[PDB]
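**Student:** I'd like to ask you about the structure that follows.
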Amino acid sequence: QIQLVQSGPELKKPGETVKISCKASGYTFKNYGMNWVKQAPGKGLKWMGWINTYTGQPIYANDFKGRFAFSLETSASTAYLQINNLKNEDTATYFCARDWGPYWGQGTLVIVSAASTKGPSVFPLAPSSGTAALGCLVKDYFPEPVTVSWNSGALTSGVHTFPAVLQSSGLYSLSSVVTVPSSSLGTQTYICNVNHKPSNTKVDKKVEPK
Amino acid sequence: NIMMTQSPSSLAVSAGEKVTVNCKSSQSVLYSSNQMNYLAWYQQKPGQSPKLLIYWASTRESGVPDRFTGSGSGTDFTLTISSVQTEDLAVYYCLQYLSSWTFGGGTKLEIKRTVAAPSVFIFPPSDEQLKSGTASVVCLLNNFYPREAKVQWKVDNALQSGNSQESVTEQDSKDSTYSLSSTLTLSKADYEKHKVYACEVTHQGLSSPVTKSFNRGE
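Right, here's the structure in full:
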């Protein structure tokens, strides 16, 4: 069973350095050159370059000349990718991928952000004025992820929890919306249940008409 | 550098349709001495590593379903799905590896459905939020198709720019639609400088643009 196992997700402040690990397994490491591929959030695959795993020589794509370095520890059958002086544009998933065949690491996600760990503020998106919309603004937290549920799970139909976005501050933000029948406002109680395991915080917010 | 032009970049399909993705090399990837094309096809699903479907342009990777085949030679390559299934909804990439690596732009495969106008809702900031000095105004675009939609923010008729972020759901697995949030970020002092907050929505399915609005305080 051949596999590449990369190191875990990385959360880094601008300016810092990150060294990503790719551990190979199940074949003669030195016989196969290793490739590095970058994928920015939502974008295509970008070949960054290649390293000779016997002699150590690196070859870099023209866009990754400077700030990027491939290296080895052949004793341990490991390839390293180092990024110096991290920018916003280095936020991406980084893959190692071996020459010949179908082998790829699972990818290392790199987030660049000024933020430290912080749990969300949750604000009501209150219903308007025969179906109404309502929801919860989950703002100013870090890192990913948060889970949102509605009425402790009792309400799943009509729910949209959007993908998070990075604000300029480096803090994440999303909204959870639900469409419900107008007639139920003032009868039915709507609570959104936000959980953020990194900050170890849990928040419920009732959402009612203003 | 061998350049790789993949097309189309997006494809909307039904159960059982035949699907064709075309790759174009700027230089031949046929190595003359061994008559092999140094070309591969990958399927990649959200949050997953790319998965090798075909290499040497036409050899299928063991485990890939039979309905995938690659063909062509030299500069022109095609990936065919004889009969597409929901299992195959993914993004596909070509790869030349004769002279370094070059991936195509990628081809996204979605489920086609009838056009659907979005349901638009606008959400003012909460009083709780205003206490911290920032005001978030939220515009919801609910259950529409296709993905393309223009959201315009208007504060007191003044077109906003640079101060909003959008977010799109993935194509819904039950009714094949998308949803979009747009969030305008203002300071409490700017937010109270103005009265009429409007969200203006353009979409294939609306006869004309749709505005949802509210008056601060009312």
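Protein chains in written order, with PDB author numbering: chain H, 1 to 52, 52A, 53 to 82, 82A to 82C, 83 to 97, 101 to 128, 136 to 154, 156 to 157, 162 to 169, 171 to 181, 183 to 196, 199 to 200, 202 to 223, 226 to 228; chain L, 1 to 27, 27A to 27F, 28 to 94, 96 to 213. By construction, the Cβ of each residue, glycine as well, lies at the ideal position given by its N, Cα and C atoms.
Run the CB neighbour count on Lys145/H, radius 10 Å, all protein chains shown included, and call it buried at 16 or more, exposed below.
**Tutor:** Against the first sequence, residue 145/H aligns to sequence position 139. Burial call: buried.
**Student:** Measuring alpha carbon to alpha carbon, tell me which residue in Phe29/H, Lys228/H, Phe174/H is nearest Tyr102/H.
**Tutor:** Taking the first sequence and counting its residues from 1, one reaches residue 102/H at position 103. Per the Cα distances, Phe29/H.
**Student:** At a Cβ threshold of 9 Å, is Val5/H touching chain L?
**Tutor:** Numbered from its first residue, the first sequence carries residue 5/H at position 5. Not an interface residue.
**Student:** Who are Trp50/H's beta bridge partners in DSSP?
**Tutor:** Position 50 of the first sequence, counted from the start, is the residue given in the question as residue 50/H. Paired residues: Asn35/H, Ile58/H.
**Student:** Give me the DSSP bridge partner(s) of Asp70/L.
**Tutor:** Reading the second sequence from its first residue, position 76 is the one you call residue 70/L. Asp70/L pairs with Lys24/L, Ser67/L.
**Student:** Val193/H and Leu124/H: beta carbons closer than 9 Å?
**Tutor:** In the first sequence, residue 193/H corresponds to position 180, counting from 1. In the first sequence, residue 124/H corresponds to position 125, counting from 1. Not a contact, by the Cβ cut-off of 9 Å.
**Student:** If we count Cβ pairs, one from each stretch, closer than 8 Å, do we get three or more for the segment 103–123 of chain L versus the segment 39–47 of chain L?
**Tutor:** In short, these stretches do not touch, since the Cβ pair count stays below three.
**Student:** Report all residues from its chain with a CB closer than 8 Å to the CB of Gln179/H; omit the five preceding and five following residues, and keep chain order.
**Tutor:** Position 167 of the first sequence, counted from the first residue, corresponds to residue 179/H. For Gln179/H, where only same-chain residues beyond five positions count, the Cβ hits under 8 Å are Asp146, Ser186.
**Student:** According to the Cβ coordinates, are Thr129/L and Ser159/L closer than 9 Å?
**Tutor:** Against the second sequence, residue 129/L aligns to sequence position 134. Against the second sequence, residue 159/L aligns to sequence position 164. It is not a contact, given that the beta carbons lie outside the stated cut-off.
**Student:** Quick one: is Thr80/L near chain H, going by C-beta distance under 9 Å?
**Tutor:** For the purposes of this step, residue 80/L is taken as the residue at position 86 of the second sequence. Closer than 9 Å: no.
**Student:** Just the chain H side, please: which residues come within less than 7 Å of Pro44/L by C-beta, in chain order?
**Tutor:** To locate residue 44/L, count along the second sequence from 1; it is residue 50. Neighbours of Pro44/L on chain H, chain order: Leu45, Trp103.
**Student:** How long is the line joining the alpha carbons of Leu108/H and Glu10/H, rounded to whole angstroms?
**Tutor:** For the purposes of this step, residue 108/H is identified with residue 109 of the first sequence, where counting begins at 1. For the purposes of this step, residue 10/H is identified with residue 10 of the first sequence, where counting begins at 1. So the alpha carbons of these two residues sit roughly 6 Å apart.
**Student:** Determine the closest residue to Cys22/H out of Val37/H, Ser188/H, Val5/H, with distance taken between C-alpha atoms.
**Tutor:** Here residue 22/H is taken as the residue at index 22 of the first sequence, counted from 1. The candidate whose alpha carbon is nearest that of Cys22/H is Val5/H.
**Student:** Rounded to the nearest angstrom, what separates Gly101/L and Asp86/H at their Cα positions?
**Tutor:** For the purposes of this step, residue 101/L is identified with residue 106 of the second sequence, where counting begins at 1. For the purposes of this step, residue 86/H is identified with residue 90 of the first sequence, where counting begins at 1. When rounded, the distance between both Cα atoms is 20 Å.
**Student:** Output the boundary residues of the alpha helix (DSSP H) element that contains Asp122/L.
**Tutor:** Indexing the second sequence from 1 puts residue 122/L at position 127. Unbroken alpha helix (DSSP H) run through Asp122/L: 122–125.
**Student:** Based on the DSSP output, what are the partners of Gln38/L in its beta bridges?
**Tutor:** Taking the first residue of the second sequence as position 1, residue 38/L is located at position 44. According to DSSP, which records beta bridges pairwise, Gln38/L is partnered with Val85/L.
**Student:** Compile a chain-ordered list of the residues in the segment 114–138 of chain L whose CB is closer than 7 Å to at least one CB of chain H.
**Tutor:** Cβ contacts with chain H come from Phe116, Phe118, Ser121, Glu123, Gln124, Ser131, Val133, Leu135, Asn137.
**Student:** List, in order along the chain, the chain H residues whose C-beta lies closer than 9 Å to that of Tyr87/L?
**Tutor:** In the second sequence, residue 87/L corresponds to position 93, counting from 1. Per Cβ cutoff of 9 Å: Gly44, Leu45.
**Student:** Determine, for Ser174/L, whether the minimum Cβ-Cβ distance to residues of chain H falls below 9 Å.
**Tutor:** Against the second sequence, residue 174/L aligns to sequence position 179. Yes, its Cβ sits closer than 9 Å to a Cβ of chain H.
**Student:** Pick from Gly183/H, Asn61/H, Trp96/H, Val210/H: whose alpha carbon is nearest that of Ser120/H?
**Tutor:** By one-based count along the first sequence, residue 120/H stands at place 121. Nearest of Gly183/H, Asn61/H, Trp96/H, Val210/H to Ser120/H, Cα basis: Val210/H.
**Student:** Comparing C-alpha positions only, which one of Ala40/H, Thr54/H, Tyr53/H sits nearest to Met48/H?
**Tutor:** As a first step, residue 48/H is located in the first sequence; it is residue number 48 there, counting from the start. Looking at the Cα atoms, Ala40/H is the closest of the given residues.
**Student:** Take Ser26/L and list the residues in its own chain whose beta-carbon comes closer than 7 Å to its own, dropping the five residues that flank it on each side.
**Tutor:** Here residue 26/L is taken as the residue at index 26 of the second sequence, counted from 1. Within the same chain, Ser26/L has close Cβ partners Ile2, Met3.
**Student:** So, is the C-beta of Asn31/L closer than 9 Å to a C-beta in chain H?
**Tutor:** Counting from 1 along the second sequence, the entry for residue 31/L is found at position 37. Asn31/L does not count as touching chain H.
**Student:** Does DSSP classify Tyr102/H as helix, strand or coil?
**Tutor:** Here residue 102/H refers to the residue found at position 103 of the first sequence. Coil at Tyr102/H, not helix or strand.
**Student:** Rounded to whole angstroms, how far is the Cβ of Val191/H from the Cβ of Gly118/H, which I believe are closer than 8 Å?
**Tutor:** Translated into the one-based positions of the first sequence, residue 191/H becomes position 178. Translated into the one-based positions of the first sequence, residue 118/H becomes position 119. 22 Å between Cβ atoms; not a contact.
**Student:** Give the residues of chain H in contact with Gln160/L, contact being defined as C-beta atoms less than 9 Å apart.
**Tutor:** If you number the second sequence from 1, residue 160/L lands on position 165. Those are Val177, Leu178, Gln179, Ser186, listed as they occur along chain H.
**Student:** How close, in whole Å, do the beta carbons of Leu73/L and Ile106/L come, if the pair is a contact with beta carbons under 8 Å?
**Tutor:** Translated into positions along the second sequence, residue 73/L becomes position 79. Translated into positions along the second sequence, residue 106/L becomes position 111. Not confirmed; about 19 Å, so no contact.
**Student:** With the cut-off set at 9 Å, would you say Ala78/H and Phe67/H are in Cβ contact?
**Tutor:** Counting from 1 along the first sequence, the entry for residue 78/H is found at position 79. Counting from 1 along the first sequence, the entry for residue 67/H is found at position 68. No, Cβ-Cβ distance for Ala78/H and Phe67/H is not below 9 Å.
**Student:** When you compare only the Cα positions, how much space is there between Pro126/H and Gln81/H?
**Tutor:** Position 127 of the first sequence, counting from 1, holds the residue named residue 126/H. Position 82 of the first sequence, counting from 1, holds the residue named residue 81/H. Approximately 49 Å, taken between the alpha carbons.
**Student:** Alpha carbon to alpha carbon, how far is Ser7/L from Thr69/L?
**Tutor:** As a working mapping, residue 7/L is identified with position 7 in the second sequence. As a working mapping, residue 69/L is identified with position 75 in the second sequence. Cα to Cα, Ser7/L sits roughly 14 Å from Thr69/L.
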